[PDB]
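Report on the structure given below.
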Amino acid sequence: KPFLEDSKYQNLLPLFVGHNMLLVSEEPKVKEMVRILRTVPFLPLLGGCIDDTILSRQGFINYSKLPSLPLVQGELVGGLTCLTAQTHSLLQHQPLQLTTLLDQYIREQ
Amino acid sequence: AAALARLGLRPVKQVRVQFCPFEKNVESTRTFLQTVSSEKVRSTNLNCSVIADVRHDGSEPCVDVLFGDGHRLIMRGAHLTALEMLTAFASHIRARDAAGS
Amino acid sequence: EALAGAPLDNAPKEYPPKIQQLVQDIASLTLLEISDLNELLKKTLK
Amino acid sequence: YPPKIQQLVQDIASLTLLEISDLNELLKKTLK
Amino acid sequence: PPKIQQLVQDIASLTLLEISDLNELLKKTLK
Amino acid sequence: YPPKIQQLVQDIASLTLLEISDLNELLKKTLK
Amino acid sequence: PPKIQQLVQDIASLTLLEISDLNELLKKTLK
Amino acid sequence: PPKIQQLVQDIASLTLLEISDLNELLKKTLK
């Protein structure tokens, strides 16, 4: 508690009433930890701090459900093509309509 | 823990512990959870489920106890001590057991 | 110097003010500058 | 290559996984 | 080009509500 | 009807086939 | 080709009521 | 409208060998 008061983790003080234990890893392994903790129904997850961001129990649950960072990095890259294809698709109706008409002409013959 | 283990959890079906760990009035509820979550207390009845619900809604802590007879015991630890809740919890066990048998 | 508290589950979605400044900057820049920015970002992230 | 463009490169990579998701959600909604 | 550059200024200047109206004409009227 | 997109719409109709092809090439190739 | 150039200009200039005639023929008369 | 009626006649009048040239522009020149 004296450590937390003088450090940046001042909002973690209420979480340390009574018996407490710390589950810490060099990298975020929330999804692995949660399923192991779910095996014990009476063990509570009081929250904590991930990457200098204090989160509650639901924050850890949401963090685990969030996809991996490399996939999230590519989502911004993936969205760039959507912006470019948006304007292109506006004028793409005419080529699609013309192709269908030509195909039907052969079928009727 | 020792006193509660002697009585046992035979007439208790499910114990639900709801509290917000970031609040300043949940210390008593957490102390109650520690006593109930003890191995000695839980070993008395393996059919009794102890559930700890952690929420960040700011609501006052509450403890819900469900017995085999269907009666519910609700103790609100916002202004109650751990010892008082344990005594009330023990008294209901000593009474619900007699009614069932 | 002190981390903000965890927002409530029932509270509406809230975004830190630091990100708000970045959002307005992106809209100001032209697509040609962003397209050159996008090319550098894709190689940098790899 | 422009100094202003180079500045945004550092900011985007520096943001954490949780912080990036907040930025990504806002940008898509603002564009639409 | 003197055409694509002016296009970018239009999207940025339009308000969030007016983007939907622009999209509707380009998505429904032109289809 | 903003006072900017109106000019762009009118320009497209006035463009010829050769000028349209060059305009479409920039979007498809230069920006991709 | 001149044939394609004529068609593109006509479609844009057609009114909303006139476009419906073209759409009806393709979806119904040709099917 | 007269513009659409002219387009239908031209397609049927073209021979099969000359049809391939028209279809090539749509699929390759425009794409």
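Worth a mention:
- The number of residues in segment H:9-29 that are more than 9 Å from chain G (Cβ to nearest Cβ), surrounded by 12 or more Cβ atoms within 10 Å (Cβ to Cβ) and over 9 Å from the mean Cα position of the chain (by Cα) comes to 1.
- Looking only at residues of segment A:40-56 that are within 14 Å of chain B (Cβ to nearest Cβ) and touching a residue at least 12 places away in the same chain (Cβ under 8 Å), we find that the one that is surrounded by the fewest Cβ atoms within 10 Å (Cβ to Cβ) is A:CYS49.
- Any hit, segment C:14-34, residues being touching a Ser or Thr at 6+ places or on another chain (Cβ under 6 Å) and facing chain A (nearest Cβ under 9 Å): no
- Of all residues assigned to segment B:62-76, at least one qualifies as being under 27 Å from A:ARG57 (Cβ atoms) and over 10 Å from the mean Cα position of the chain (by Cα).
- Scope segment A:1-18; condition closer than 17 Å to A:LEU46 by Cβ and either within 7 Å of another protein chain (Cβ to nearest Cβ) or surrounded by 12 or more Cβ atoms within 10 Å (Cβ to Cβ) (or both); matching residues: A:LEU4, A:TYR9, A:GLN10, A:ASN11, A:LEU12, A:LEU13, A:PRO14, A:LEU15, A:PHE16, A:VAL17, A:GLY18
- Residue in segment B:16-27 that is of a type in the set (A, V, I, L, M, F, W, C) and surrounded by fewer than 17 Cβ atoms within 10 Å (Cβ to Cβ) present: no
- Beta carbons closer than 6 Å, at least 6 apart along the sequence or on distinct chains, pair a first residue in segment G:9-30 that is without any contact (Cβ under 8 Å) to a residue 24 or more places away in the chain with a second that is among the charged types (D, E, K, R) and surrounded by 10 or more Cβ atoms within 10 Å (Cβ to Cβ) for G:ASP10/H:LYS3.
- Selection status of B:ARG76, of a type outside the set (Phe, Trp, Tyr), within 18 Å of B:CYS20 (Cβ to Cβ) and crowded, with 18+ Cβ neighbours inside 10 Å: no
- Restricting A:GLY59, A:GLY79 to those that are crowded, with 16+ Cβ neighbours inside 10 Å and either touching a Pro at 6+ places or on another chain (Cβ under 9 Å) or under 30 Å from E:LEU25 (Cα atoms) (or both) reduces the list to A:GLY59.
- Test: residue in segment C:13-22 that is assigned to a loop (DSSP other than H, G, I, E, B), farther than 16 Å from A:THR81 by Cα and in contact with a strand residue (DSSP E or B) (Cβ under 6 Å, 6 or more places away or on another chain): no
- Scanning segment D:9-25 for residues that are surrounded by 12 or more Cβ atoms within 10 Å (Cβ to Cβ) and either out of contact with any helix residue (DSSP H, G or I) (no Cβ under 8 Å at 6 or more places or on another chain) or more than 12 Å from chain A (Cβ to nearest Cβ) (or both) yields D:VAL9, D:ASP11, D:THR16, D:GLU25.
Values in this text are rule-based calculations from the coordinates and carry no lab data. Counting neighbours? That spans all protein chains shown, and the Cβs are built from the backbone with ideal geometry, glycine included.
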